[PDB]
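Q: I have a structure I would like to understand better, so I am pasting it below and will then ask my questions one at a time.
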Amino acid sequence: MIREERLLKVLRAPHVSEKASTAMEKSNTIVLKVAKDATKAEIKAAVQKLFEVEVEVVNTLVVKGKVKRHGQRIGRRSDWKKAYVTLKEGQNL
Amino acid sequence: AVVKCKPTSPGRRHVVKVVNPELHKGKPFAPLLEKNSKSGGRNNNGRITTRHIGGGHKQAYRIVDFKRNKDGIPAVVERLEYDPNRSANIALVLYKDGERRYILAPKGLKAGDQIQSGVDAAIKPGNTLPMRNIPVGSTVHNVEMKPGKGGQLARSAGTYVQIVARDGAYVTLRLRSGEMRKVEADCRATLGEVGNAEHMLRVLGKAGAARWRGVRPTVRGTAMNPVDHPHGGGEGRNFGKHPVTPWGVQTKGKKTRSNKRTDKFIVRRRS
Amino acid sequence: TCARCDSXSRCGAXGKXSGXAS
Amino acid sequence: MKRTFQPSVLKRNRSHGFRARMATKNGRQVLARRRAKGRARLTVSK
RNA sequence: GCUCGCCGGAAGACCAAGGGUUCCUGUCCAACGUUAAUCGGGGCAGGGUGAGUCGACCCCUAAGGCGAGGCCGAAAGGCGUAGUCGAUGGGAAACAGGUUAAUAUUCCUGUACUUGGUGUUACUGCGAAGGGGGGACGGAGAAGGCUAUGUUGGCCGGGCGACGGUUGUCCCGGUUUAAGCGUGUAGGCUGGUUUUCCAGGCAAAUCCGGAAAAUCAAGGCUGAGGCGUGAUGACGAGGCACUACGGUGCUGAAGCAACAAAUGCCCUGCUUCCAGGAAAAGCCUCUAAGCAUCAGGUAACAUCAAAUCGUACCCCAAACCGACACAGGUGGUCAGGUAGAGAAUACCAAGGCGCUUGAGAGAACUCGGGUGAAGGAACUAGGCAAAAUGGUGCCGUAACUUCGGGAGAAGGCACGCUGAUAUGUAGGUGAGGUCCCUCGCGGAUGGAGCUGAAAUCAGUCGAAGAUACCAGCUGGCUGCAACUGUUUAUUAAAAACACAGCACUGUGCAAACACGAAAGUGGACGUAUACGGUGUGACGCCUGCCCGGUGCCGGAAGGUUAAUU
RNA sequence: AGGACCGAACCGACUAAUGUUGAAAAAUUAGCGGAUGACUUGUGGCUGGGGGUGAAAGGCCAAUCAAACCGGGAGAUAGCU
């Protein structure tokens, strides 16, 4: 479930989107942006081996890319993957 | 026997049903059933090769013993059952080693009768023995054509084959059609008429009774256009041809037997 | 387009309907 | 009224999709022509 | 914001399909919106879709597809065995409350459940792709038991009325609570248990089946709902301080019964009928090869794991299919009150809308309707269209008939409200109390309370009591077609096509015939009481004469006659 | 019990009127036929062009059918306009 190069390739970005803050101060849930193929075990192992915190559970969803246009050309943003990582009781972030 | 229907509606006025109260009023014998899906008259090219077939009620196949391999082991009939796959009834019989089998039900057979196959069985209806061990002049059914193949002649609801002579390794058979036919004498056959002799007495009464047997409507050729049938068009009812098939082969009188390898087997053709 | 509309022409106007798709 | 095109993704992909064209000589020739023409979409597939 | 209007078996709610950000928020009004636009399913930007239990993926198969080898075919290719795919079907498990602007059986609280891997105490015969059981199944009908749900009464909270009256036998609102766990009921299937043998289940088998003795009558499976716990909780009409008007931290009363009742559940049941009603796995059970104080299984508990994909929003629609923000089309589920037989219809509740141009005026004419003097089909191709009939109970009903029909023939009478029979009757449900008991989800006796048709008599109001909506015009002669059906999608629904019946003809099975260069497949896992073709068209009476022509069947004498030599 | 009777959903399309640069390239309104069956419907599947399928009208086979559509022969041919 674990090797350190993969764990450094799992996480991309802390997600700050005003449901993230409500989840942090209500449900003790940090909201992260992860790779498109990162499973729950790899996200949990990367959070424990990279943030030094301890994890209850990881829930994941896939966000579908939004279409933006210019003229006859229609472009599409990338799909990405959002994670809701619930910590046990204690935390740093 | 046959019972009229009282004409309480059109479509009951002409119905006559064959009632047999001794048939089994329950589910069939589940080890001897298989799946039997309809074709609609379609072959492996998906083409209609036989017309006027399709629809009808679901059916399960009853594996009926035609070979009668269980020689010497006695069998008692358990019960007579309805078979949707044929015009006759069938009989679940019980051999003395615990094996249950469906056979064709002959004429006077009911529950509790003793039947036995083999070379040295009795001579009573239900017993199967070769035709070199049968008195010449008796009515037989379920008659094989090759030794060991399985019975093929007189399987219908009330038919019988009468052995009329024996010569060499052959017996001569008066088939139900009117045809004298030489069969070998190692071929097994089963005594008595097969028992549903009032099956032809039913009149279906209505079109839906033919539709729930998988018989689609038949359009006459003279009701079609010239591109569709050789019996063409015309203003009003015109026929004006000689009557042929949809493929132009003359019907109403033209013989179609061309085999030439079974002419050594046919003493007299039918009439 | 395809609505027809005459008794019998290839394409006229006509409020009927078997002849007429331009 | 009831129209000509009643869409279905399973029937579309089983009738005109990539595995269906690749399954025979003539659908591979159709895909060959669609590559020779410069089409961005060989089949529909989505 | 307040009034009015419309839908309410939908124009409300949730999904599948399909779409693909249309969802929410801020901002903008050039273009799009058949008008204006500050608004928007439009432009710009940001945010939003959280699962061991839901669905997919997964195990298993149906129709059908591909198909190692194989068979066949100039080539390409076709068909098919073993297999391997293929849901529209079969297979493990979660509910209730809350919460976001936008997600919820996914997040939080409470209470759960299922299957694997591995660990510990014991009992030990374990083992599959094979054998067996089960899974596992039709239409229709009828009765019983319930429940969802509704009504009324009791209780709790609030109200004593903008205008006659309202402390009353008055008014308004609420009266909700799941899965799981235990109980195993109304019912339904079933005769259990031991021992001995066997030509059957490809081999075996303690299993299934068969046979024979011995013993016993309660044993097992299934099964709604009820009850208890779940729940010392949650929700809950209203109030405490606040406010950025939109509510949040907070407590929070009663939360009971009786009756009516499904098309839902028991019920894949029971009965009956012929037209005789999937498959395979999971599951249980038995052994072959293999191992037997080890491995493997079983009962209990701990511990880990249950991945990946979908989840926003529309979904009888302005988001799908129709070029449109198009009077069209589109499968499933939920299914309240009053009146009614009813999912009709009429008015309403929850909820959702007033259909993206209005303001006037009140000509001809067009459309959709209402009424109409006297006459009443005189109109017209033709009573086309309108008018008219219309409900339940009861009385009564011709010719003809295939004895079923005709028939709802025709024709007619009563019908509202109130009181009495009866402070609400017959009927339905069924408490308290007494007794019995294999002792509970029982049986008798019982009859309270609740609900409640139709009738008869009398009275009374109006022109009219089936008062609206809803809701047969009837009779007579006759042609064709027996009938129910089918048909020219988009000018023809018919006397046409079909049809049950009848007949003729072919077909002896490796069948005739059909599709196919062929292999092969259908016919058919059928076998002349069957099958294919052809014609006629229920039923009653019948079906006449002609074999010269053409076809077909039979015959072989003679003539004529090809390839070959 | 019944290809039973009446009648909603549902499946159709008999008559009229409207519409005919339509709201609609076949509908709307009002009446109408069937409505337990030879019924209807969802989902998947098979049949392919001289071929399919057809309770049969030359009907249907993607708004096209006395021989579909697309590409090619192809700049067919045209004593005709």
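Starting from 1 in every chain, residues are counted up; chains themselves are A, B, ... following the order of the structure tokens, and ligands are numbered from 1 as listed.
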Per residue of chain C within 12 Å of chain F, which atom pair is closest and at what distance in Å (one decimal), using only C-alpha atoms (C1' of nucleotides), listed by chain and increasing number, as a tab-separated table?

A:
residue	atom	partner	partner_atom	distance
C:1	CA	F:25	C1'	6.0
C:2	CA	F:25	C1'	4.6
C:3	CA	F:25	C1'	3.9
C:4	CA	F:25	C1'	7.6
C:5	CA	F:20	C1'	8.9
C:6	CA	F:20	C1'	11.5
C:13	CA	F:20	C1'	9.7
C:14	CA	F:20	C1'	8.5
C:15	CA	F:20	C1'	5.7
C:16	CA	F:20	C1'	8.7
C:17	CA	F:26	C1'	9.5
C:18	CA	F:26	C1'	11.5
C:20	CA	F:25	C1'	10.7
C:21	CA	F:25	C1'	8.5
C:22	CA	F:25	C1'	10.6

Q: Give me a file of those residues, with N, CA and C atoms, as a PDB file, in the first residue's frame.

A:
ATOM      1  N   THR C   1     -36.944  20.064 -45.826  1.00  0.00           N
ATOM      2  CA  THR C   1     -38.375  20.341 -45.840  1.00  0.00           C
ATOM      3  C   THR C   1     -39.154  19.158 -46.401  1.00  0.00           C
ATOM      4  N   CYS C   2     -40.448  19.089 -46.380  1.00  0.00           N
ATOM      5  CA  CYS C   2     -40.886  17.926 -46.956  1.00  0.00           C
ATOM      6  C   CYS C   2     -42.298  17.632 -47.033  1.00  0.00           C
ATOM      7  N   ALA C   3     -43.116  18.575 -46.539  1.00  0.00           N
ATOM      8  CA  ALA C   3     -44.566  18.457 -46.543  1.00  0.00           C
ATOM      9  C   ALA C   3     -45.087  18.560 -47.966  1.00  0.00           C
ATOM     10  N   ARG C   4     -46.001  17.672 -48.328  1.00  0.00           N
ATOM     11  CA  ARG C   4     -46.506  17.642 -49.684  1.00  0.00           C
ATOM     12  C   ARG C   4     -47.811  18.410 -49.820  1.00  0.00           C
ATOM     13  N   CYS C   5     -48.529  18.387 -50.896  1.00  0.00           N
ATOM     14  CA  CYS C   5     -49.629  19.185 -50.764  1.00  0.00           C
ATOM     15  C   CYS C   5     -50.594  19.315 -51.833  1.00  0.00           C
ATOM     16  N   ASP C   6     -50.335  18.641 -52.955  1.00  0.00           N
ATOM     17  CA  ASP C   6     -51.238  18.686 -54.089  1.00  0.00           C
ATOM     18  C   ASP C   6     -51.695  17.265 -54.391  1.00  0.00           C
ATOM     19  N   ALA C  13     -48.836  23.856 -54.568  1.00  0.00           N
ATOM     20  CA  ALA C  13     -49.485  24.195 -53.306  1.00  0.00           C
ATOM     21  C   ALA C  13     -50.897  23.638 -53.223  1.00  0.00           C
ATOM     22  N   UNK C  14     -51.514  23.236 -52.159  1.00  0.00           N
ATOM     23  CA  UNK C  14     -52.739  22.830 -52.595  1.00  0.00           C
ATOM     24  C   UNK C  14     -53.753  22.327 -51.688  1.00  0.00           C
ATOM     25  N   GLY C  15     -53.274  22.201 -50.445  1.00  0.00           N
ATOM     26  CA  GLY C  15     -54.013  21.750 -49.286  1.00  0.00           C
ATOM     27  C   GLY C  15     -54.430  20.297 -49.268  1.00  0.00           C
ATOM     28  N   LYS C  16     -53.887  19.503 -50.181  1.00  0.00           N
ATOM     29  CA  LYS C  16     -54.159  18.079 -50.192  1.00  0.00           C
ATOM     30  C   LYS C  16     -52.900  17.313 -49.852  1.00  0.00           C
ATOM     31  N   UNK C  17     -52.336  16.373 -50.534  1.00  0.00           N
ATOM     32  CA  UNK C  17     -51.237  16.024 -49.809  1.00  0.00           C
ATOM     33  C   UNK C  17     -50.322  14.965 -50.207  1.00  0.00           C
ATOM     34  N   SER C  18     -50.615  14.428 -51.402  1.00  0.00           N
ATOM     35  CA  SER C  18     -49.874  13.316 -51.988  1.00  0.00           C
ATOM     36  C   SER C  18     -48.911  13.698 -53.115  1.00  0.00           C
ATOM     37  N   UNK C  20     -46.014  16.699 -53.474  1.00  0.00           N
ATOM     38  CA  UNK C  20     -45.732  18.028 -53.341  1.00  0.00           C
ATOM     39  C   UNK C  20     -44.587  18.600 -52.653  1.00  0.00           C
ATOM     40  N   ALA C  21     -43.696  17.725 -52.171  1.00  0.00           N
ATOM     41  CA  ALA C  21     -42.511  18.116 -51.415  1.00  0.00           C
ATOM     42  C   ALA C  21     -41.459  18.772 -52.278  1.00  0.00           C
ATOM     43  N   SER C  22     -41.199  20.054 -52.054  1.00  0.00           N
ATOM     44  CA  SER C  22     -40.150  20.749 -52.788  1.00  0.00           C
ATOM     45  C   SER C  22     -38.769  20.315 -52.306  1.00  0.00           C
TER      46      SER C  22
END

Q: Skip residue 30 (chain D) itself and residues of its chain fewer than 2 positions away, then list as a PDB file with C-alpha atoms (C1' of nucleotides), in the first residue's frame all residues within 12 Å of it, counting only C-alpha atoms (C1' of nucleotides).

A:
ATOM      1  CA  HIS D  16     -21.030   1.739 -34.726  1.00  0.00           C
ATOM      2  CA  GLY D  17     -18.308   1.659 -32.053  1.00  0.00           C
ATOM      3  CA  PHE D  18     -14.650   0.787 -32.339  1.00  0.00           C
ATOM      4  CA  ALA D  20     -17.584  -3.389 -33.964  1.00  0.00           C
ATOM      5  CA  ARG D  21     -15.658  -1.772 -36.816  1.00  0.00           C
ATOM      6  CA  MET D  22     -12.443  -3.607 -35.891  1.00  0.00           C
ATOM      7  CA  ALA D  23     -14.332  -6.938 -35.784  1.00  0.00           C
ATOM      8  CA  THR D  24     -14.548  -7.280 -39.579  1.00  0.00           C
ATOM      9  CA  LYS D  25     -12.527  -6.567 -42.719  1.00  0.00           C
ATOM     10  CA  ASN D  26     -14.946  -3.917 -43.959  1.00  0.00           C
ATOM     11  CA  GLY D  27     -15.154  -1.948 -40.728  1.00  0.00           C
ATOM     12  CA  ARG D  28     -11.370  -1.919 -40.654  1.00  0.00           C
ATOM     13  CA  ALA D  32      -8.720   3.071 -42.798  1.00  0.00           C
ATOM     14  CA  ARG D  33     -10.647   5.594 -44.917  1.00  0.00           C
ATOM     15  CA  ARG D  34     -11.406   7.699 -41.832  1.00  0.00           C
ATOM     16  CA  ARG D  35      -7.683   7.827 -41.052  1.00  0.00           C
ATOM     17  CA  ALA D  36      -6.801   8.585 -44.687  1.00  0.00           C
ATOM     18  CA  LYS D  37      -9.227  11.526 -44.669  1.00  0.00           C
ATOM     19  CA  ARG D  39     -10.989  12.683 -39.320  1.00  0.00           C
ATOM     20  CA  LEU D  42     -12.743   7.488 -36.154  1.00  0.00           C
ATOM     21  CA  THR D  43     -15.977   6.239 -34.560  1.00  0.00           C
TER      22      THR D  43
ATOM     23  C1'   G F  71     -19.180   5.955 -52.509  1.00  0.00           C
TER      24        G F  71
END

Q: Do me a favour and pick out the residues of chain B within 7 Å of chain F, using only C-alpha atoms (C1' of nucleotides), as a list in words.

A: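 Only these qualify: residues 9, 11, 46, 47, 207, 208, 211, 217, 223 and 224 of chain B.
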
Q: Go ahead and save the residues from that selection, with N, CA, C and O atoms, as a compact mmCIF listing (two decimals), in the first residue's frame.

A:
# COMPACT_ATOMS: atom_id res chain seq x y z
N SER B 9 -70.72 -17.43 -26.08
CA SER B 9 -70.08 -16.34 -26.80
C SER B 9 -69.65 -16.87 -28.16
O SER B 9 -69.50 -18.08 -28.32
N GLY B 11 -66.96 -17.88 -30.69
CA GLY B 11 -65.66 -18.39 -30.33
C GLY B 11 -65.69 -19.49 -29.30
O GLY B 11 -64.64 -20.07 -29.02
N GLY B 46 -30.97 -16.88 -39.85
CA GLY B 46 -32.03 -16.00 -39.40
C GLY B 46 -33.15 -15.79 -40.38
O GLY B 46 -33.93 -14.85 -40.22
N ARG B 47 -33.28 -16.65 -41.38
CA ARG B 47 -34.27 -16.51 -42.43
C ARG B 47 -35.48 -17.38 -42.13
O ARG B 47 -35.34 -18.48 -41.60
N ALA B 207 -59.76 -18.61 -33.94
CA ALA B 207 -58.45 -18.34 -34.52
C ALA B 207 -57.36 -18.30 -33.47
O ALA B 207 -56.23 -18.73 -33.72
N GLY B 208 -57.68 -17.79 -32.28
CA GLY B 208 -56.72 -17.75 -31.20
C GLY B 208 -56.29 -19.10 -30.69
O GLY B 208 -55.21 -19.22 -30.11
N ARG B 211 -53.61 -19.80 -32.82
CA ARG B 211 -52.52 -18.86 -32.57
C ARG B 211 -51.72 -19.21 -31.32
O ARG B 211 -50.53 -18.88 -31.26
N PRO B 217 -51.00 -16.89 -39.33
CA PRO B 217 -51.96 -16.96 -40.44
C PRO B 217 -51.32 -17.23 -41.79
O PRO B 217 -50.20 -16.80 -42.09
N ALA B 223 -54.40 -13.99 -53.17
CA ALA B 223 -54.63 -12.70 -52.52
C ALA B 223 -53.44 -11.76 -52.61
O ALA B 223 -53.51 -10.66 -52.06
N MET B 224 -52.36 -12.16 -53.26
CA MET B 224 -51.12 -11.39 -53.26
C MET B 224 -50.99 -10.60 -54.56
O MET B 224 -51.92 -10.52 -55.37

Q: Residues within 7 Å of residue 67 (chain A), please, as a ChimeraX atom specification. Count only C-alpha atoms (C1' of nucleotides); anything in the same chain fewer than 3 positions from it doesn't count.

A: /A:74-77

Q: Convert the current residue selection to file output with N, CA, C and O atoms, as a short mmCIF file (atom, residue, chain, number, x, y, z; two decimals), in the first residue's frame.

A:
data_model
loop_
_atom_site.label_atom_id
_atom_site.label_comp_id
_atom_site.auth_asym_id
_atom_site.auth_seq_id
_atom_site.Cartn_x
_atom_site.Cartn_y
_atom_site.Cartn_z
N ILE A 74 -14.22 24.98 -28.46
CA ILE A 74 -14.65 24.71 -27.10
C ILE A 74 -13.56 23.91 -26.41
O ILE A 74 -13.13 22.85 -26.90
N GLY A 75 -13.03 24.45 -25.32
CA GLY A 75 -12.04 23.77 -24.52
C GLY A 75 -12.64 23.22 -23.25
O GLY A 75 -13.73 23.59 -22.83
N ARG A 76 -11.88 22.33 -22.62
CA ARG A 76 -12.34 21.64 -21.42
C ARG A 76 -11.21 21.62 -20.42
O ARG A 76 -10.07 21.29 -20.77
N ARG A 77 -11.51 21.99 -19.18
CA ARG A 77 -10.53 21.87 -18.12
C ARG A 77 -10.36 20.40 -17.73
O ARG A 77 -11.16 19.54 -18.10
#

Q: Pull out every residue of chain B sitting within 7 Å of chain E, counting only C-alpha atoms (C1' of nucleotides), and send them as a count of residues only.

A: 47

Q: Hey, can you check how far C1' of residue 281 (chain E) sits from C1' of residue 115 (chain E)?

A: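 Taking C1' of residue 281 (chain E) as the start and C1' of residue 115 (chain E) as the end point, the length is 17.2 Å.
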
Q: Could you name the residues that touch residue 90 (chain A) at 9 Å or less, counting only C-alpha atoms (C1' of nucleotides), but leaving out those on the same chain fewer than 6 positions away, as a ChimeraX atom specification?

A: /A:28,53-54

Q: Go through chain D and flag each residue having an atom no more than 10 Å from chain F; for those, report the closest pair of atoms plus their distance in Å to one decimal, using only C-alpha atoms (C1' of nucleotides), ordered by chain and rising number, as JSON lines.

A:
{"residue": "D:1", "atom": "CA", "partner": "F:27", "partner_atom": "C1'", "distance": 8.9}
{"residue": "D:3", "atom": "CA", "partner": "F:63", "partner_atom": "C1'", "distance": 8.7}
{"residue": "D:4", "atom": "CA", "partner": "F:62", "partner_atom": "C1'", "distance": 5.5}
{"residue": "D:5", "atom": "CA", "partner": "F:62", "partner_atom": "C1'", "distance": 7.4}
{"residue": "D:10", "atom": "CA", "partner": "F:44", "partner_atom": "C1'", "distance": 9.6}
{"residue": "D:11", "atom": "CA", "partner": "F:44", "partner_atom": "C1'", "distance": 8.9}

Q: So that I can see what lies close to residue 181 (chain E), please list as a PDB file with N, CA and C atoms (P, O5', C5', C4', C3', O3' and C1' of nucleotides), in the first residue's frame the residues with an atom at most 12 Å from it, counting only C-alpha atoms (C1' of nucleotides) and leaving out residues fewer than 2 positions away in the same chain.

A:
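Resulting contents of around.pdb:
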ATOM      1  P     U E 111     -25.981   3.900  20.677  1.00  0.00           P
ATOM      2  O5'   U E 111     -26.803   2.895  19.749  1.00  0.00           O
ATOM      3  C5'   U E 111     -28.071   2.398  20.156  1.00  0.00           C
ATOM      4  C4'   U E 111     -28.815   1.744  19.016  1.00  0.00           C
ATOM      5  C3'   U E 111     -28.159   0.524  18.393  1.00  0.00           C
ATOM      6  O3'   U E 111     -28.324  -0.670  19.136  1.00  0.00           O
ATOM      7  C1'   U E 111     -28.859   1.980  16.681  1.00  0.00           C
ATOM      8  P     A E 112     -27.186  -1.801  19.070  1.00  0.00           P
ATOM      9  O5'   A E 112     -27.521  -2.605  17.738  1.00  0.00           O
ATOM     10  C5'   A E 112     -26.621  -2.614  16.640  1.00  0.00           C
ATOM     11  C4'   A E 112     -27.352  -2.767  15.330  1.00  0.00           C
ATOM     12  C3'   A E 112     -26.854  -3.865  14.408  1.00  0.00           C
ATOM     13  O3'   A E 112     -27.325  -5.150  14.776  1.00  0.00           O
ATOM     14  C1'   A E 112     -27.203  -1.883  13.166  1.00  0.00           C
ATOM     15  P     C E 113     -26.344  -6.425  14.756  1.00  0.00           P
ATOM     16  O5'   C E 113     -26.271  -6.844  13.224  1.00  0.00           O
ATOM     17  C5'   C E 113     -27.447  -7.148  12.493  1.00  0.00           C
ATOM     18  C4'   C E 113     -27.208  -7.033  11.011  1.00  0.00           C
ATOM     19  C3'   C E 113     -26.098  -7.905  10.458  1.00  0.00           C
ATOM     20  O3'   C E 113     -26.530  -9.232  10.208  1.00  0.00           O
ATOM     21  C1'   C E 113     -25.881  -5.698   9.613  1.00  0.00           C
ATOM     22  P     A E 179     -39.113  -1.412  10.429  1.00  0.00           P
ATOM     23  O5'   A E 179     -37.627  -1.949  10.223  1.00  0.00           O
ATOM     24  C5'   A E 179     -37.068  -2.076   8.923  1.00  0.00           C
ATOM     25  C4'   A E 179     -35.572  -1.888   8.934  1.00  0.00           C
ATOM     26  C3'   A E 179     -34.760  -2.964   9.638  1.00  0.00           C
ATOM     27  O3'   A E 179     -34.541  -4.112   8.838  1.00  0.00           O
ATOM     28  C1'   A E 179     -34.007  -0.836  10.322  1.00  0.00           C
ATOM     29  P     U E 183     -36.342 -16.147  19.499  1.00  0.00           P
ATOM     30  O5'   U E 183     -37.907 -15.995  19.763  1.00  0.00           O
ATOM     31  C5'   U E 183     -38.443 -16.099  21.076  1.00  0.00           C
ATOM     32  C4'   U E 183     -39.831 -15.509  21.160  1.00  0.00           C
ATOM     33  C3'   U E 183     -40.880 -16.163  20.282  1.00  0.00           C
ATOM     34  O3'   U E 183     -41.413 -17.333  20.875  1.00  0.00           O
ATOM     35  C1'   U E 183     -41.044 -13.800  20.112  1.00  0.00           C
ATOM     36  P     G E 228     -45.974  -2.635  22.792  1.00  0.00           P
ATOM     37  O5'   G E 228     -44.605  -3.201  23.376  1.00  0.00           O
ATOM     38  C5'   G E 228     -44.571  -3.887  24.619  1.00  0.00           C
ATOM     39  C4'   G E 228     -43.260  -4.601  24.832  1.00  0.00           C
ATOM     40  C3'   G E 228     -42.001  -3.771  24.661  1.00  0.00           C
ATOM     41  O3'   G E 228     -41.712  -2.967  25.793  1.00  0.00           O
ATOM     42  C1'   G E 228     -41.734  -5.848  23.565  1.00  0.00           C
ATOM     43  P     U E 229     -41.110  -1.489  25.608  1.00  0.00           P
ATOM     44  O5'   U E 229     -39.623  -1.732  25.080  1.00  0.00           O
ATOM     45  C5'   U E 229     -38.568  -2.043  25.980  1.00  0.00           C
ATOM     46  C4'   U E 229     -37.397  -2.690  25.278  1.00  0.00           C
ATOM     47  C3'   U E 229     -36.465  -1.768  24.508  1.00  0.00           C
ATOM     48  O3'   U E 229     -35.502  -1.140  25.331  1.00  0.00           O
ATOM     49  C1'   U E 229     -36.987  -3.655  23.184  1.00  0.00           C
ATOM     50  P     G E 230     -35.080   0.382  25.059  1.00  0.00           P
ATOM     51  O5'   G E 230     -34.707   0.423  23.508  1.00  0.00           O
ATOM     52  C5'   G E 230     -33.421   0.026  23.052  1.00  0.00           C
ATOM     53  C4'   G E 230     -33.315   0.099  21.549  1.00  0.00           C
ATOM     54  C3'   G E 230     -33.435   1.483  20.931  1.00  0.00           C
ATOM     55  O3'   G E 230     -32.204   2.181  20.975  1.00  0.00           O
ATOM     56  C1'   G E 230     -34.732  -0.081  19.697  1.00  0.00           C
TER      57        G E 230
END

Q: Any idea what's packed within 12 Å of residue 427 (chain E), counting only C-alpha atoms (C1' of nucleotides), ignoring anything in its chain fewer than 4 positions away? Could you give it as a PyMOL selection string?

A: chain E and resi 451-454

Q: Write to file, as a PDB file, in the first residue's frame, the residues of the selection just made, with C-alpha atoms (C1' of nucleotides).

A:
ATOM      1  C1'   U E 451     -69.414   2.007  12.493  1.00  0.00           C
ATOM      2  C1'   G E 452     -73.637   1.489   9.455  1.00  0.00           C
ATOM      3  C1'   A E 453     -76.842  -0.023   3.969  1.00  0.00           C
ATOM      4  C1'   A E 454     -81.504  -0.503   1.930  1.00  0.00           C
TER       5        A E 454
END
